[PDB]
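Working notes, beginning with the structure itself.
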Amino acid sequence: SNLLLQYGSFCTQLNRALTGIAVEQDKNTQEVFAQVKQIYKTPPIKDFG
Amino acid sequence: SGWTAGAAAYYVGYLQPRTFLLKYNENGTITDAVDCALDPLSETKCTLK
Ligand SMILES: *[C@@H]1O[C@H](CO)[C@@H](O)[C@H](O)[C@H]1NC(C)=O
């Protein structure tokens with residue numbers, strides 16, 4: 001660890017890239033599924049012709 | 001016997017192997033430090049540099 005202390009920039013950029021990917025996954029899910037702002041409920045009656 | 005005490009106090013602490021994140025101001029003097037491995041917040045500050 002004391003030897004690796006001089007590669008802090010390399011580790012910081014690695015963790016930054018991975019954190020960006022991780023946030024991007026949640027963003028992708030939000031764009032795909034969270035388009036509708038209201039949670040509509042199915043009607044009790046299913047008279048859909 | 002026959003003597004009186006002074007009016008001075010002292011404090012002793014013990015150094016340990018620790019990782020620190022020091023800050024140098026424009027004039028070259030160390031103005032602040034973060035103790036890596038103190039608490040989770042300091043750990044985050046020390047991970048993100
Ligand atoms: C740095 O030095 C200059 C001139 O000595 C002074 O104007 C300034 O206040 C100093 N800044 C700090 C943070 O000590």
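As shown in the structure tokens, the chain order sets the letters A, B, ...; within each chain, residues go from 1, and ligands are also counted from 1 in the order they appear.
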
Residues of chain B no more than 12 Å from chain A, counting only C-alpha atoms: send them over as an MDAnalysis selection string. chainID B and resid 17:21 44:49

Would you mind exporting the chosen residues as a PDB file, in the first residue's frame, restricted to N, CA and C atoms?
```pdb
ATOM      1  N   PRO B  17       1.950   4.735  12.427  1.00  0.00           N
ATOM      2  CA  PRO B  17       2.040   4.808  10.963  1.00  0.00           C
ATOM      3  C   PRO B  17       0.690   5.105  10.334  1.00  0.00           C
ATOM      4  N   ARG B  18       0.539   6.309   9.787  1.00  0.00           N
ATOM      5  CA  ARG B  18      -0.724   6.777   9.237  1.00  0.00           C
ATOM      6  C   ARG B  18      -0.473   7.440   7.894  1.00  0.00           C
ATOM      7  N   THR B  19      -1.507   7.433   7.057  1.00  0.00           N
ATOM      8  CA  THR B  19      -1.514   8.140   5.784  1.00  0.00           C
ATOM      9  C   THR B  19      -2.279   9.444   5.951  1.00  0.00           C
ATOM     10  N   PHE B  20      -1.662  10.546   5.537  1.00  0.00           N
ATOM     11  CA  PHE B  20      -2.208  11.885   5.683  1.00  0.00           C
ATOM     12  C   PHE B  20      -2.271  12.546   4.315  1.00  0.00           C
ATOM     13  N   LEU B  21      -3.231  13.456   4.169  1.00  0.00           N
ATOM     14  CA  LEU B  21      -3.417  14.245   2.955  1.00  0.00           C
ATOM     15  C   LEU B  21      -3.252  15.711   3.334  1.00  0.00           C
ATOM     16  N   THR B  44     -13.234   8.940   2.494  1.00  0.00           N
ATOM     17  CA  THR B  44     -13.681   9.397   1.180  1.00  0.00           C
ATOM     18  C   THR B  44     -12.790  10.513   0.655  1.00  0.00           C
ATOM     19  N   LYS B  45     -12.464  11.483   1.513  1.00  0.00           N
ATOM     20  CA  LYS B  45     -11.609  12.589   1.094  1.00  0.00           C
ATOM     21  C   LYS B  45     -10.245  12.081   0.651  1.00  0.00           C
ATOM     22  N   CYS B  46      -9.736  11.064   1.339  1.00  0.00           N
ATOM     23  CA  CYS B  46      -8.434  10.491   1.034  1.00  0.00           C
ATOM     24  C   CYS B  46      -8.474   9.599  -0.202  1.00  0.00           C
ATOM     25  N   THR B  47      -9.624   8.981  -0.489  1.00  0.00           N
ATOM     26  CA  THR B  47      -9.764   8.194  -1.710  1.00  0.00           C
ATOM     27  C   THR B  47      -9.887   9.091  -2.933  1.00  0.00           C
ATOM     28  N   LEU B  48     -10.670  10.163  -2.829  1.00  0.00           N
ATOM     29  CA  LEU B  48     -10.878  11.072  -3.949  1.00  0.00           C
ATOM     30  C   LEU B  48      -9.778  12.116  -4.081  1.00  0.00           C
ATOM     31  N   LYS B  49      -8.876  12.220  -3.104  1.00  0.00           N
ATOM     32  CA  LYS B  49      -7.781  13.188  -3.120  1.00  0.00           C
ATOM     33  C   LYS B  49      -8.321  14.614  -3.242  1.00  0.00           C
TER      34      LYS B  49
END
```

Please identify all protein, DNA and RNA residues within 10 Å of ligand 1, counting only C-alpha atoms and all ligand atoms, and report them as a PyMOL selection string. chain B and resi 24-31

Output file for the selection above: C-alpha atoms, as a short mmCIF file (atom, residue, chain, number, x, y, z; two decimals), in the first residue's frame:
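What ended up in out12.cif:
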```cif
data_model
loop_
_atom_site.label_atom_id
_atom_site.label_comp_id
_atom_site.auth_asym_id
_atom_site.auth_seq_id
_atom_site.Cartn_x
_atom_site.Cartn_y
_atom_site.Cartn_z
CA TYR B 24 0.00 23.60 0.88
CA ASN B 25 -1.14 27.20 0.47
CA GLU B 26 0.31 29.70 -2.02
CA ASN B 27 3.08 30.80 0.37
CA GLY B 28 4.37 27.26 0.95
CA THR B 29 3.03 26.64 4.46
CA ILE B 30 0.95 23.58 5.32
CA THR B 31 -2.48 24.94 6.26
#
```

Which residues in chain A does DSSP call alpha helix (DSSP H)? List them as number ranges by chain. A: 8-33

What is the CA of residue 38 in chain A-CA of residue 25 in chain A distance in Å, reported with one decimal?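 Distance reported for this atom pair: 22.4 Å.
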
So the first atom is CA of residue 17 in chain A and the second is CA of residue 36 in chain B; what is the distance between them in Å, to one decimal place?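 Taking CA of residue 17 in chain A as the start and CA of residue 36 in chain B as the end point, the length is 22.6 Å.
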
I'd like the interatomic distance between CA of residue 20 in chain A and CA of residue 22 in chain B, to a tenth of an Å. 27.2 Å

Every residue of chain B that DSSP places in strand (DSSP E), as a ChimeraX atom specification: /B:20-24,30-35
